[PDB]
Amino acid sequence: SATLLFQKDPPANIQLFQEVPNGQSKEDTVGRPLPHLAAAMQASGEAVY
Amino acid sequence: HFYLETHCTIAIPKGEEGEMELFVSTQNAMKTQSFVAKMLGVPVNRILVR
Amino acid sequence: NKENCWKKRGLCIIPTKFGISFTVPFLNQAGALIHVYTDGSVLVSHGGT
Ligand SMILES: O=C(O)c1ccccc1O
């Protein structure tokens with residue numbers, strides 16, 4: 001192994017979280033993975049710093 | 001009326017979510033806000049009148 | 001580690017606990033300002049950034 005050049009290994013990503021109550025309204029986003037509200041503008045460069 | 005200062009407005013477009021900030025010589029900030037919003041087609045909470 | 005002389009692997013599992021609250025009591029206060037405009041749209045303002 002001391003003669004081997006760096007070899008990157010295959011990545012693996014798993015996230016586990018809890019789903020919201022089965023009877024929760026579609027408009028009640030508390031507990032849901034809602035993306036950051038400014039993420040689209042951040043990705044487009046429209047978000048103002 | 002002949003107010004010494006005539007009508008004047010400065011509108012600043014932020015570029016985010018239809019946001020706009022305006023500096024206006026007006027007695028009605030509310031109507032200025034809703035009217036600008038109505039014309040733009042965005043919710044009133046996106047417009048700031050000062 | 002037995003099959004490698006110049007490369008080794010390590011493994012460790014550790015816990016953590018973190019007290020929640022400013023340790024300066026008076027900093028644990030928050031304010032918010034909410035306006036509902038006539039078109040029904042809401043503008044929320046709060047002390048956080
Ligand atoms: O974490 C704290 O206890 C704290 C206390 C005062 C000011 C900033 C802080 O983060």
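Proteins come first, then strands; the chains are lettered A, B, ... in the order of their sequence lines, and each starts at number 1. These numbers come from the heavy atoms of this one structure, side chains and all, not from hydrogens, waters or symmetry mates.
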Value rounded to 0.5 Å, distance of [atom1] in [X] from [atom2] in [Y]:
| X | Y | atom1 | atom2 | answer |
| --- | --- | --- | --- | --- |
| B:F35 | B:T26 | CZ | OG1 | 10.5 Å |
| B:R50 | B:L48 | CZ | CG | 6.5 Å |
| B:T6 | B:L4 | OG1 | CG | 9.5 Å |
| B:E16 | B:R46 | CD | CZ | 11.0 Å |

### Message
I'd like to know whether A:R32 forms a side-chain contact (heavy atoms from CB on, under 4.5 Å) with A:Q24, so could you lay out the CA-CA distance, the side-chain angles of the two residues, the decisive distance to 0.1 Å, and finally the verdict.
### Response
CA-CA 10 Å; A:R32 304 184 191 278; A:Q24 189 172 306; 3.9 Å; yes
### Trace of the side-chain contact (heavy atoms from CB on, under 4.5 Å) decision for B:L22 with B:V36
CA-CA 10 Å; B:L22 305 83; B:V36 168; 4.0 Å; yes
Under 3.5 Å, is there a donor-acceptor pair between the side chain of [X] and the main chain of [Y]?
| X | Y | value |
| --- | --- | --- |
| C:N1 | C:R9 | yes |
| A:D28 | A:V30 | yes |
| B:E5 | B:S25 | no |
| B:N45 | C:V42 | yes |
| B:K14 | B:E19 | no |
| B:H1 | B:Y3 | no |
| B:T32 | B:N28 | yes |

### Message
Could you check whether A:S25 and A:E27, counting side-chain N and O atoms only, form a donor-acceptor pair closer than 3.5 Å?
### Response
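Their side chains do not contain a donor-acceptor pair, so the 3.5 Å distance test is not met.
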### Task
Decide side-chain contact (heavy atoms from CB on, under 4.5 Å) for A:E19 and A:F17; before the verdict, give the C-alpha distance in whole Å, the side-chain angles of both, and the deciding distance to 0.1 Å.
CA-CA 7 Å; A:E19 175 59 85; A:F17 57 97; over 6 Å; no
Could you pull out the closest heavy-atom pair between [X] and [Y], with the gap in Å?
| X | Y | answer |
| --- | --- | --- |
| A:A47 | A:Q42 | CB-CG, 3.6 Å |
| A:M41 | A:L37 | CE-O, 4.1 Å |
| C:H46 | C:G48 | ND1-N, 3.0 Å |
| B:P43 | C:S41 | CB-CB, 3.8 Å |

### Query
Are B:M39 and B:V44 connected in the hydrophobic side-chain network, where two residues link if heavy atoms are under 4.5 Å apart?
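They do not share one cluster, since no chain of ILVMFWY contacts under 4.5 Å joins B:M39 to B:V44.
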### Within one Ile-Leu-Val-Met-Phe-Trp-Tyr cluster: B:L40 and B:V49, side-chain cutoff 4.5 Å
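The answer is yes; both residues are in one hydrophobic cluster.
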### Message
Checking B:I10 against B:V24 for the side-chain contact (heavy atoms from CB on, under 4.5 Å) test, could you report, in this order, the C-alpha distance in whole Å, the side-chain angles of both residues, the deciding distance, and whether it holds?
### Response
CA-CA 6 Å; B:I10 293 178; B:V24 191; over 6 Å; no
### Message
Restricting to ring-ring contact (aromatic ring centres under 6.0 Å, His included), what partner residues turn up for C:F22, sequence neighbours left out?
### Response
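Not a single residue meets the ring-ring contact (aromatic ring centres under 6.0 Å, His included) criterion with C:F22.
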### Query
Using 30° and 60° as the class limits, which term best fits the ring planes of C:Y37 and C:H35: parallel, tilted or perpendicular?
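Perpendicular: the ring planes of C:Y37 and C:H35 meet at over 60°.
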### Task
Would you mind reporting whether B:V42 and B:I47 have side-chain heavy atoms less than 4.5 Å apart?
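Yes, close enough: below the 4.5 Å cut-off.
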